[PDB]
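6 protein chains.
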Amino acid sequence: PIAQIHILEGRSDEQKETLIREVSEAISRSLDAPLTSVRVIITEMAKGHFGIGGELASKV
Amino acid sequence: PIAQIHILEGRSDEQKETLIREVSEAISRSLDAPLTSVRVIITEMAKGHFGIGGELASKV
Amino acid sequence: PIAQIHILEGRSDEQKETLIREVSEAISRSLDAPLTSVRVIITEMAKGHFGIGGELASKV
Amino acid sequence: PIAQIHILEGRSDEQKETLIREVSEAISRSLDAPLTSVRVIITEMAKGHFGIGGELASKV
Amino acid sequence: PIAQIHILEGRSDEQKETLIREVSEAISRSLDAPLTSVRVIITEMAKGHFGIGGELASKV
Amino acid sequence: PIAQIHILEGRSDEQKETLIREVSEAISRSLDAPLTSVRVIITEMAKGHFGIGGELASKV
């Protein structure tokens, strides 16, 4: 399995390291797939590159 | 956060329902973000639409 | 520009044809780019393949 | 609906703010979905990271 | 490396098997990366799910 | 066809230019599609933004 997660910029390296492990376990657990087959890709978004309802996430 | 997970076709609706919840908790837990803000998208791949090392996963 | 839109399954061919044109104009208008350079990809999600807050979009 | 748009780097914050709103309206209008449910993600590409016909968009 | 290719529906399993191998070699060759590290995902688009210049690829 | 390739940061502009051409030929060759219709997008990942088996690609 290959997961790509889009998150807003601002998290520390620790938090992202945890996200990668926790999500990787959840995927492995749920599908009963070997953990080593899981690939996770984090993609950070600038606060002004993410809109919700037509407006920047930053202003809301 | 928005997660998109690519998995091979073949799982039951239950398994995918669990994957969505387990992964959603892991993301919420790891980043300390409200669960309700997590979005997960499952995308199934046909066995002959996924290659590893230049060969179909179906053959490996 | 290349746009990929994820929508829930259930819409008619007409609605999707309109979505593709309307969005294509909006992109061309906003960035002052030639309409012919805009590429749009629609990706439908099964109701049980989309989760919000850890739950299927279908049951909520 | 969740839209991810890939555009070449070089636009101002204003232009991108407009792109996000215009496209968000177009999606909401076309599918008759509540504007607040629309999510847009902008992803900029470096001029040397986008190819057309096997050649950099920068040189063509 | 992880490649995701969007193609129009209509190709045979043979053609897609060739696409996966050929593209996998090209990536491995160009970056001097071990072939076994290359991952390719094929994603088919319905003819009415792909627009060019605001119009279905199907009718044009 | 539209291809998006995720690679780890660290390659030179030459290598990426070659990746774009080689991959563009492979796609055009395999599907018998006009080279000029092929679109390639390169997306670099920071070493600490890519996980394999729950661990950073950098540390393993």
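These protein sequences, in sequence, are chains A, B, C, D, E and F. So the first sequence is numbered by our numbering: it starts at 14 and just counts up by one. So the second sequence is numbered by our numbering: it starts at 14 and just counts up by one. So the third sequence is numbered by our numbering: it starts at 14 and just counts up by one. So the fourth sequence is numbered by our numbering: it starts at 14 and just counts up by one. So the fifth sequence is numbered by our numbering: it starts at 14 and just counts up by one. So the sixth sequence is numbered by our numbering: it starts at 14 and just counts up by one. Just so it is clear, CB atoms sit at the ideal spot from N, CA and C, and this is done for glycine as well.
{"Item": "Could you tell me whether any Cβ in chain D is nearer than 7 Å to the Cβ of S37/F?", "Value": "yes"}
{"Item": "Taking the alpha helix (DSSP H) that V53/C belongs to, which residues open and close that run?", "Value": "It is not in any alpha helix (DSSP H) - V53/C instead sits in the beta strand (DSSP E) that spans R52 to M58."}
{"Item": "Among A46/A, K60/A, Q17/A and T49/A, which has the Cα closest to the Cα of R24/A?", "Value": "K60/A"}
{"Item": "In terms of residue numbering, what span does the alpha helix (DSSP H) encompassing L44/A cover?", "Value": "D26 to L44"}
{"Item": "Taking contact to mean at least 3 C-beta pairs separated by less than 8 Å, is the region 63-73 of chain B in contact with the region 36-53 of chain E?", "Value": "yes"}
{"Item": "Just curious, the beta strand (DSSP E) that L21/A is in, first and last residue?", "Value": "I15 to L21"}
{"Item": "Could you tell me which chain C residues have their CB closer than 8 Å to the CB of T31/B, listed as they occur along the chain?", "Value": "What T31/B touches in chain C: nothing, since even the nearest Cβ is about 11 Å away."}
{"Item": "Among the residues of its own chain, which have a CB less than 6 Å from the CB of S41/A, if the five just before and after it don't count?", "Value": "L48 and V51"}
{"Item": "Go through its chain and collect everything with a Cβ distance to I18/C's Cβ below 8 Å, but skip five positions before and after it.", "Value": "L32, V36, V53, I54, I55 and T56"}
{"Item": "Just how far apart, CA to CA, sit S71/E and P14/F?", "Value": "14 Å"}
{"Item": "Taking only beta-carbon atoms, is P47/E less than 7 Å away from chain F?", "Value": "no"}
{"Item": "Could you please give the first and the last residue of the uninterrupted beta strand (DSSP E) stretch that includes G64/D?", "Value": "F63 to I65"}
{"Item": "Can you check which of these residues, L69/B, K29/B, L44/B and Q28/B, is closest to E27/A by C-alpha distance?", "Value": "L44/B"}
{"Item": "Taking the alpha-carbon positions, what's the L69/C to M58/C distance?", "Value": "11 Å"}
{"Item": "Would you say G23/F reaches chain A, if we count a Cβ-Cβ gap shorter than 7 Å as a contact?", "Value": "no"}
{"Item": "Note down the Cα distance separating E30/D from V73/E, rounded to an integer number of angstroms.", "Value": "32 Å"}
{"Item": "Between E22/B and the rest of its own chain, which residues show a CB-CB distance below 8 Å, the 5 nearest in sequence each way excluded?", "Value": "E57, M58, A59 and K60"}
{"Item": "Going by DSSP, what residues sit across from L69/F in a beta bridge?", "Value": "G64/F"}
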